[PDB]
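Read through the structure below, which is laid out as structure tokens, and then see the notes.
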Amino acid sequence: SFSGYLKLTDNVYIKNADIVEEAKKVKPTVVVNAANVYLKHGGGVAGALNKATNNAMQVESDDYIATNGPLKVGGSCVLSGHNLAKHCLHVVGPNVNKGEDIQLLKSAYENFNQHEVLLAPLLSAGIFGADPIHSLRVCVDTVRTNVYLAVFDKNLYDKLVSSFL
Ligand SMILES: COc1cccc([C@H]2CCOC[C@H]2C(=O)O)c1
């Protein structure tokens with residue numbers, strides 16, 4: 001199972017790790033994708049997870065969108081985890097670079113509560129434009145299930161741990 005994590009709270013754990021490499025190693029029941037409403041996995045975590053599936057995630061996602069239409073900002077859907085996990089929970093955090101309401105970040109993290117344990121990135125961080133320190137705070141104050149956070153950047157990981165209240 002999960003190794004080398006720092007325990008932040010009763011249920012939140014954090015590690016400086018590449019979430020693709022972490023998913024390939026652990027093969028968790030659920031890996032969270034930092035999705036957009038269209039499930040267009042172009043960059044950031046989504047681009048990396050999709051590339052690790054050899055584009056199978058994007059093909060499955062395009063069929064999901066063709067059937068169901070776009071997700072809501074703050075929403076999610078469960079799709080296959082392909083070669084990375086049993087399932088992928090595609091969660092849409094607000095993209096500050098698109099002018100989306102940061103208050104939807106709590107709604108986005110509430111999707112994690114439907115799964116007992118997840119491997120996840122910080123929602124709305126990175127190319128989504130939000131402050132990762134704030135994202136971690138909302139995560140610990142919203143998620144009650146066991147969440148193993150993978151933070152790609154070592155420098156950001158150190159800043160998140162050193163500033164954690
Ligand atoms: C391959 O995934 C990456 C690659 C680069 C950056 C990120 C984001 C994900 C959101 O939190 C902040 C960043 C981080 O983890 O350091 C993810």
Side-chain angles (χ1 to χ4, degrees), residues 1-36 39-58 61 74 76-96 105-165:
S1 65
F2 295 96
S3 69
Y5 284 77
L6 164 63
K7 182 169 182 53
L8 295 179
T9 72
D10 274 353
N11 66 297
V12 180
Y13 299 82
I14 193 163
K15 186 187 182 174
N16 173 38
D18 173 337
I19 194 170
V20 170
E21 292 310 302
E22 195 67 8
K24 285 188 201 168
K25 175 179 185 39
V26 176
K27 289 162 193 176
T29 302
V30 178
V31 64
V32 173
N33 180 30
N36 54 53
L39 302 182
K40 284 313 196 187
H41 310 304
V45 170
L49 291 176
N50 176 57
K51 185 173 181 206
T53 75
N54 189 35
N55 211 51
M57 176 180 290
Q58 189 64 67
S61 296
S76 71
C77 69
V78 178
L79 291 173
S80 181
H82 301 276
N83 56 319
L84 305 177
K86 175 181 170 223
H87 300 296
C88 177
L89 178 70
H90 295 272
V91 181
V92 185
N95 189 323
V96 170
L105 185 53
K106 187 170 182 75
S107 304
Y109 272 116
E110 287 170 342
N111 295 285
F112 287 27
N113 291 322
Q114 300 294 319
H115 299 279
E116 287 186 9
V117 56
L118 313 89
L119 168 62
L122 287 169
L123 297 182
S124 296
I127 67 177
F128 280 66
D131 181 352
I133 294 178
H134 174 64
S135 184
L136 176 55
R137 177 37 49 198
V138 176
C139 179
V140 304
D141 291 346
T142 305
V143 183
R144 298 178 300 284
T145 56
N146 296 315
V147 60
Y148 289 83
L149 298 167
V151 177
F152 184 78
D153 186 63
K154 175 55 163 157
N155 180 295
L156 173 62
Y157 172 81
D158 289 345
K159 182 184 172 38
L160 287 168
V161 170
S162 72
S163 65
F164 184 64
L165 246 180

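When a residue number appears, it is its place in the shown sequence, counting from 1. Side chains are part of it too, since the values below use all heavy atoms of this structure and drop only hydrogens, waters and symmetry mates.
Between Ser76 and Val92, every side-chain heavy-atom pair lies at or beyond the 4.5 Å cut-off. For the pair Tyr5 and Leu149, the minimum side-chain heavy-atom distance is 4.5 Å or more. Looking at heavy atoms from C-beta onward, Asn33 lies in side-chain contact with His41 at the 4.5 angstrom threshold. When side chains are defined from C-beta on, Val78 does not count as touching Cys88, because their heavy atoms never get closer than 4.5 Å. The shortest distance between side-chain heavy atoms of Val30 and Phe112 does not fall below 4.5 Å. Side-chain contact check for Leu49 versus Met57: some heavy-atom pair is nearer than 4.5 Å. The closest side-chain heavy-atom distance from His90 to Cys77 is below 4.5 Å. Two residues are said to be in side-chain contact when any heavy atoms from C-beta on lie closer than 4.5 Å; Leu6 and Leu8 meet this criterion.
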Practice task
Starting from the C-alpha separation in whole Å, work towards a yes-or-no answer on side chain to side chain contact (heavy atoms under 4.5 Å, CB included) for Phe128 and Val45.
Solution key: CA-CA 10 Å; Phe128 280 66; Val45 170; over 6 Å; no
Practice task
I would like to know whether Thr29 and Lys86 meet side chain to side chain donor-acceptor pair (under 3.5 Å); could you show each step before the answer?
Solution key: CA-CA 5 Å; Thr29 302; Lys86 175 181 170 223; 6.0 Å; no
Exercise for the section: Start with the C-alpha gap between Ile133 and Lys159, add the side-chain angles, then the distance that decides, and say whether side chain to side chain contact (heavy atoms under 4.5 Å, CB included) holds. Expected result: CA-CA 8 Å; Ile133 294 178; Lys159 182 184 172 38; 3.6 Å; yes
Problem - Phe2 vs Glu22, side chain to side chain contact (heavy atoms under 4.5 Å, CB included): CA-CA, chis, key distance, verdict - result: CA-CA 9 Å; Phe2 295 96; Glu22 195 67 8; 4.2 Å; yes
Problem - Test side chain to side chain contact (heavy atoms under 4.5 Å, CB included) applied to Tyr157 and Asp153, step by step - result: CA-CA 6 Å; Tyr157 172 81; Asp153 186 63; over 6 Å; no
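With sequence neighbours left out, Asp141 forms a salt bridge (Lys or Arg N to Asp or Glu O under 4.0 Å) with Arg137.
Nearest heavy-atom pair across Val151 and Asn16 is O-OD1, 2.9 Å. Here the closest non-hydrogen pair linking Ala150 and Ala17 is CB-O, 3.8 Å. The two residues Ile127 and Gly44 make their nearest non-hydrogen contact at CD1-N, 3.6 Å.
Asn11 places no side-chain N or O within donor-acceptor distance of the main-chain N or O of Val147, the cut-off being under 3.5 Å. Put simply, the side chain of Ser124 never gets that close to the backbone of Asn95: no donor and acceptor are under 3.5 Å apart. Remark: side-chain polar atoms of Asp18 are not paired, donor with acceptor, to backbone N or O of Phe152 under 3.5 angstrom. Proximity of a side-chain donor or acceptor of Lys7 to a complementary backbone N or O of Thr9 within less than 3.5 Å is detected. Side chain of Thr145 to main chain of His115: a donor-acceptor pair is present (N/O by atom type, distance under 3.5 Å, no hydrogens or angles). Between the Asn36 side chain and the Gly42 main chain, no donor and acceptor come within less than 3.5 Å of each other. Counting only distance, with no hydrogens or angles, the side chain of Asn55 and the backbone of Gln58 share no donor-acceptor pair below 3.5 Å. Using a distance-only test at 3.5 Å, with no hydrogens or angles considered, no donor-acceptor pair links the side chain of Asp158 to the main chain of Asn155.
Taken to the nearest 0.5 Å, the OG atom of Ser135 stands 4.5 Å off from the CG atom of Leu105. Considering SG of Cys139 and NZ of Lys106, their distance stands at 10.0 Å, rounded to 0.5 Å. Considering OG1 of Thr53 and NZ of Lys51, their distance stands at 11.5 Å, rounded to 0.5 Å. With rounding to the nearest 0.5 angstrom, the CG atom of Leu119 is 12.5 Å from the CG atom of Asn146.
Counting heavy-atom neighbours within 6.0 Å of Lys24 NZ, excluding the residue itself, gives a total above 12. A 6.0 Å sphere centred on CG of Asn54 holds no more than 12 heavy atoms belonging to other residues, nucleotides or ligands. For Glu21, the CD atom is densely surrounded, since the number of other residues' heavy atoms within 6.0 Å is greater than 12.
Residue pairs satisfying the ring-ring contact (aromatic ring centres under 6.0 Å, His included) criterion with at least one member in residues 11-32, sequence neighbours excluded, are listed as follows: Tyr13-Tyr148.
For the side chain to side chain contact (heavy atoms under 4.5 Å, CB included) test with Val32, the passing option among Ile19, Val91, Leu122 is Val91; the others fail.
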